[PDB]
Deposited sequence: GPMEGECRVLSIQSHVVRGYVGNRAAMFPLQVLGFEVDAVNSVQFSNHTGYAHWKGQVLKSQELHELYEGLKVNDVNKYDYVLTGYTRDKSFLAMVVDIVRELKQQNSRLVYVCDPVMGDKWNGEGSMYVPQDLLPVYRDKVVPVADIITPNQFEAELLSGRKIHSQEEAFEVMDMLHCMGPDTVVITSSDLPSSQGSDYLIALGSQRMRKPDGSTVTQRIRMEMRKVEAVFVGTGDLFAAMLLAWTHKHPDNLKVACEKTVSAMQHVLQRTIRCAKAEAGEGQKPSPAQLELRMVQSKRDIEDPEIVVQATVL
């Protein structure tokens, strides 16, 4: 009923990019057309990796193959980590063409650039700032990426929501900072996540619903969390288009279930007191199917 075009990485083993996004979206009832931007044996956190990268021209070929068969029709577009400027520009062209075809198409974009250090070529920051974010409808940056895109440092929740207002102005009606260094009432081990949604009333007036979320931190390095998060947020905002509170509660709860099961099974696979390897920390995606289909609400968002 609802078709998503996901243009992301593919790994033979593991869950990142499309591997982390297609399965959940599929179990949540979405048809998914997947462009594997790369094919690697595993993600680059392993000691070794081998694979091939799809060229931008090759991406264009695949899109034109869908187009000439008149099956380039989508309700959503979903993207995440990209290392090549050409590739991201081609993605923006595809998004613009699709939105010209369907004005109600929702572009969900994780503007992957950095964290805490920027681990993407610097020439992509302008592209994300001036080309990608403007045509995005839902963006899931972390705090550092929100600062990069806005140009302003965030020292407070008030400043964070001012930056999120700037990002709203740049395009997306829904902005979720998924991770931040903001202090939490609950403790130092809770991370703060913020949500802002511009809701257009029939009055013609627009009101900004703002929400606060705090989640217990899992102290382990996971790969693909942003991709899973953006995919499930796509799903749950689709089901709750004017209730970002519930959409984010469900997304964060499913994430918590997935990460809890993953760390449990990783510690089991490794020895007690032993640090799980990157191979052992792969998101236990299939085993969380049920939790992804209907997540038990384990986090409550606070309306501001």
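Coordinate coverage of the deposited sequence breaks at 1-5, 122-126, these segments carrying no C-alpha atoms.
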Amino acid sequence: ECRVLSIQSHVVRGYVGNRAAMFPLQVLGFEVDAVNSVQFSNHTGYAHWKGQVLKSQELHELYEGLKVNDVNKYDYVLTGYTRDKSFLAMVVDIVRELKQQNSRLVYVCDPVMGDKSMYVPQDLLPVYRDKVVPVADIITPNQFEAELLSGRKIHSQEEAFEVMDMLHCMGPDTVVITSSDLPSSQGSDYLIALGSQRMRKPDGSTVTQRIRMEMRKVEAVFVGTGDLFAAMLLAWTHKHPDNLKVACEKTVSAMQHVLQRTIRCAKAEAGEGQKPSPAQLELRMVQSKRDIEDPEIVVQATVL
From here on, numbers count along this sequence of modelled residues.
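Averaged over their C-alpha atoms, the temperature factors of 20-28 and 290-298 are higher for 290-298. When 79-87 is weighed against 182-190, 182-190 comes out higher, by mean CA B-factor as recorded in the entry. Across the options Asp227, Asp203, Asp137, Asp93, the residue with the most elevated CA B-factor in the record is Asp203. Residues shown: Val106, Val223, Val112, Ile154. Highest C-alpha temperature factor in the entry: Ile154. Looking at the C-alpha B-factors along this chain, the one for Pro276 belongs to the highest third. Among the modelled residues of its chain, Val53 has a C-alpha B-factor that falls in the lowest third, as given in the PDB entry. The entry lists a Cα temperature factor for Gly195 that places it in the middle third of the chain's modelled residues. Annotation for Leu304: CA B-factor lies in the highest third of the chain's modelled residues. Compared with the other modelled residues of the chain, the Cα B-factor recorded for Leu148 ranks in the middle third.
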